[PDB]
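Here is how names work: the chains are called A, B, and so on, in the same order as the sequence lines, proteins then strands, and each is numbered from 1. As the structure lists them, so they are numbered: ligands from 1, and atoms in each ligand from 1.
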Amino acid sequence: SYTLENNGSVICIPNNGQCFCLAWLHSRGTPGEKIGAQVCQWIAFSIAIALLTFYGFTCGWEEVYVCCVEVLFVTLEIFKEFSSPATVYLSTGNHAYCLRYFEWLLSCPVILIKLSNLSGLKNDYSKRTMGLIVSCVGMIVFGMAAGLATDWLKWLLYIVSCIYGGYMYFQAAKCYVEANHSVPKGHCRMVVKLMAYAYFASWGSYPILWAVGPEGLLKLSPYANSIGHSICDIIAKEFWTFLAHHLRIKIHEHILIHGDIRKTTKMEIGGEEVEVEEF
Amino acid sequence: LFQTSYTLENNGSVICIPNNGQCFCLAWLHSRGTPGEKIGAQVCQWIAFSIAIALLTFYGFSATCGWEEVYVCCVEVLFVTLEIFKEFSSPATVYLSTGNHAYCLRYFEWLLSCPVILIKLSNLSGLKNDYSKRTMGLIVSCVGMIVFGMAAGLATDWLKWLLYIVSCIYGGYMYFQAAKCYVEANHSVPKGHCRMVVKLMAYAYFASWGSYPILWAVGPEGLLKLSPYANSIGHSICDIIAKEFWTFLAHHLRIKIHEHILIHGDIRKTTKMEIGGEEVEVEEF
Ligand SMILES: CCCCCCCC/C=C\CCCCCCCC(=O)OC[C@H](O)CO
Ligand SMILES: CCCCCCCC/C=C\CCCCCCCC(=O)OC[C@H](O)CO
Ligand SMILES: CCCCCCCC/C=C\CCCCCCCC(=O)OC[C@H](O)CO
Ligand SMILES: CCCCCCCC/C=C\CCCCCCCC(=O)OC[C@H](O)CO
Ligand SMILES: CCCCCCCC/C=C\CCCCCCCC(=O)OC[C@H](O)CO
């Protein structure tokens, strides 16, 4: 595709108008790693289609939107993952997977909008809901910039992203505590706890996968990193929204057979005191 | 950085560069604008820089009442500073293997500021716990709008304009939701000075927000009429209106409503209104 010159110090290429960089030609992963990515992609696709069909087509727009985004994303990844602009190849020699950051920006705020109102629909939206959304957006923005950036700048932006993420994780964790005391005593408290465990395990893995992936320490290949992101998406997008959809109807069914008995009880969760709904 | 040194050798159809692991593309060496446009860009940058700092000093630093104005102007201070010193360095400006370039620093600016503006717009009146369901429709539609706009700038050829249209569909739903907020804000603030402020915020919002898709389609990520410097002039003027003039009025409005209630007392009446063909409950003074 090119030609050497001198003693390897000069390289010549055709003047055809196509950008050239040897650093863009690195391998994508091993044959076994590719097969695993294909397997997990089609599982994530097939589960989303099923969950879309289960949800239907309003109350419950969040789950639909998240799963619609998963279908679109996983479909574009199956067919045109390493094509620009799904994967961007920068003049600095590196590359970034912009298709994935776009996915996060569409779905992560919605998941958090669902989290701030897990229990019986309290239309009064708090200042906490805004704190989740704003911190999540800032987190992904500085994450995406760190993926495009290079050398020390990359890790400076990465750290800024972790600061945003911390506030988001903090606010998200306070939701799960308030959500627990706000749902019926039996089966509903377990689902909230299972949703919390699924949320932190999946959402906690992305920074780890980022730092060792092809946009960080270059340990994991793109194909390998794809397997890891597919599994997190299955838990964060599909398993979690199913539990959220399930939690709603179980709360509705409990109310029609028990009523709507609620007392305003005040307690402390984070560094403050909050009054929450109690059955 | 890319390669700026090369030699057009052979008949001109074969080019040679030093083999130093440095990416090379002639399409990246395009002009950034004229000396006049360069100056006009720098004038508008330092104006936005200075107004943002004055507003930040004016609002003062008190999850507080008025966090939106501070965050927006903080995003302004960070964006303009990075644009003044490192506008055309990567990743502020990204140069793709497809020959095109994109101003990612601007999309980052939008993603940080545009939702917060709409969060403020969702609650233009006083008090708290006023967001509800329109807010989410504003945020989700605004975010999707920027996301598909960013993808459009990264892409080339027909895909770019496909992504552009999808962004406009997102934007139209957002613009629609936004207009109903101003209609409801009019009927929920004191019938004197505050409604003139709300109407002025509405004009500034649409005139500034409506100009970004026009600048985009015509600038260096579109039909290539406006240079990067020229396109910077237009964006700075829109930012001064969208982020600085608009948040000052939002900050001013909140004072005027609080000063009104402090002397007039809190009196209200719930009115079942038709906003965009539906039953909306808007409380009036
Ligand atoms: C009810 C609505 C139904 C909607 C339709 C649902 C279709 C499910 C498709 C595949 C499932 C997984 C089967 C495994 C697919 C292997 C595909 C393959 O050959 O590999 C991918 C290829 O390499 C990439 O270009
Ligand atoms: C080369 C230089 C590149 C630029 C590098 C400098 C960037 C500094 C900006 C912000 C610091 C991080 C502040 C993170 C703000 C999070 C606070 C927040 O918004 O959350 C509020 C909370 O959730 C409700 O209480
Ligand atoms: C190798 C390990 C395989 C792990 C694969 C994890 C896939 C999770 C995907 C989506 C979540 C869907 C969860 C919903 C599953 C149905 C369970 C259910 O709720 O059924 C209720 C009914 O009462 C009982 O018959
Ligand atoms: C309570 C705290 C009160 C704080 C009070 C505010 C302090 C302002 C500080 C720094 C601004 C100085 C930077 C001013 C930038 C203007 C530069 C300019 O005018 O443009 C010329 C250009 O730099 C030619 O290269
Ligand atoms: C809070 C309100 C304060 C608002 C601010 C008050 C107005 C500042 C004056 C002029 C605008 C910018 C100054 C124009 C100078 C730009 C620098 C420049 O033009 O230098 C280019 C030169 O060609 C390099 O070689």
Side-chain angles (χ1 to χ4, degrees), chain A residues 34-35 37-54 71 74-82 112 126 128-139 141-142 145-146 149-175 270-271, chain B residues 34-58 63-64 67-68 70-75 77-86 89 91-92 105 108-109 112 115-116 119 229 236 240 244-245 248:
Chain A
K34 171 170 195 183
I35 293 174
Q38 286 167 332
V39 173
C40 298
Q41 283 159 343
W42 287 114
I43 293 179
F45 177 84
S46 314
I47 292 179
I49 302 298
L51 288 183
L52 277 177
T53 314
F54 181 61
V71 173
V74 82
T75 308
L76 292 172
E77 162 159 295
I78 286 173
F79 285 112
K80 318 243 73 168
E81 165 172 7
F82 298 95
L112 294 186
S126 176
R128 179 176 295 169
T129 311
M130 308 313 151
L132 272 83
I133 297 179
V134 177
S135 56
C136 172
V137 170
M139 168 186 69
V141 169
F142 277 97
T150 288
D151 297 332
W152 73 271
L153 180 66
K154 167 190 296 293
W155 300 103
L156 186 263
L157 297 171
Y158 179 89
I159 289 174
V160 178
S161 185
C162 296
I163 301 178
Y164 269 110
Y167 283 95
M168 185 203 58
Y169 288 135
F170 179 70
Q171 300 276 100
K174 297 169 59 200
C175 291
Chain B
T34 66
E37 291 171 324
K38 207 233 191 184
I39 297 166
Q42 280 154 345
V43 171
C44 293
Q45 288 162 346
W46 290 113
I47 294 178
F49 180 81
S50 316
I51 300 187
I53 286 182
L55 287 170
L56 285 175
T57 313
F58 168 66
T64 182
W67 66 271
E68 293 97 338
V70 175
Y71 197 75
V72 166
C73 295
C74 281
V75 173
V77 172
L78 178 58
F79 165 75
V80 179
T81 309
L82 288 178
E83 164 169 288
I84 289 178
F85 293 100
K86 300 289 184 164
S89 307
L105 177 71
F108 304 147
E109 169 203 355
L112 303 169
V116 181
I119 295 175
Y229 288 136
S236 289
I240 291 172
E244 283 155 356
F245 178 72
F248 169 81

> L153(A) near ligand 2, heavy-atom distance under 4.0 Å?
Replying inline: yes
> Side chain, backbone, both or neither: which part of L156(A) comes within less than 4.0 Å of ligand 2 when only heavy atoms are counted?
Replying inline: side chain
Rounded to the nearest 0.5 Å, what separation is found between the [atom1] atom of [X] and the [atom2] atom of [Y]?
{"X": "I51(B)", "Y": "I240(B)", "atom1": "CD1", "atom2": "CD1", "result": "5.0 Å"}
{"X": "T34(B)", "Y": "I39(B)", "atom1": "OG1", "atom2": "CD1", "result": "8.5 Å"}
{"X": "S46(A)", "Y": "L51(A)", "atom1": "OG", "atom2": "CG", "result": "11.0 Å"}
{"X": "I53(B)", "Y": "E244(B)", "atom1": "CD1", "atom2": "CD", "result": "10.5 Å"}
{"X": "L132(A)", "Y": "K174(A)", "atom1": "CG", "atom2": "NZ", "result": "9.5 Å"}

> Looking only at heavy atoms, what is the nearest atom pair of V70(B) and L56(B), with distance?
Replying inline: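 The answer is O-CD2, 3.6 Å.
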> Quick one: which ligand 2 atoms are inside 4.0 Å of a heavy atom on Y164(A)?
Replying inline: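 Near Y164(A), meaning under 4.0 Å from one of its heavy atoms, ligand 2 has 14 (C), 15 (C), 16 (C).
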> Numbering the atoms of ligand 2 from 1, which are under 4.0 Å from a heavy atom of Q171(A)?
Replying inline: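 Near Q171(A), the atoms of ligand 2 are 23 (O).
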> Using a threshold of 4.0 angstrom between heavy atoms of the protein and any atom of ligand 1, which residues qualify?
Replying inline: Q38(A), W42(A), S46(A), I49(A), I78(A)
> Should we say atom NZ of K34(A) is surrounded by more than 12 heavy atoms from elsewhere, each under 6.0 Å from it?
Replying inline: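 Counting neighbours around NZ of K34(A), 12 or fewer heavy atoms of other residues, nucleotides or ligands fall under 6.0 Å, so no.
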>> Tell me if a side-chain donor or acceptor on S161(A) pairs with a main-chain N or O of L157(A) at a distance below 3.5 Å.
In response: no
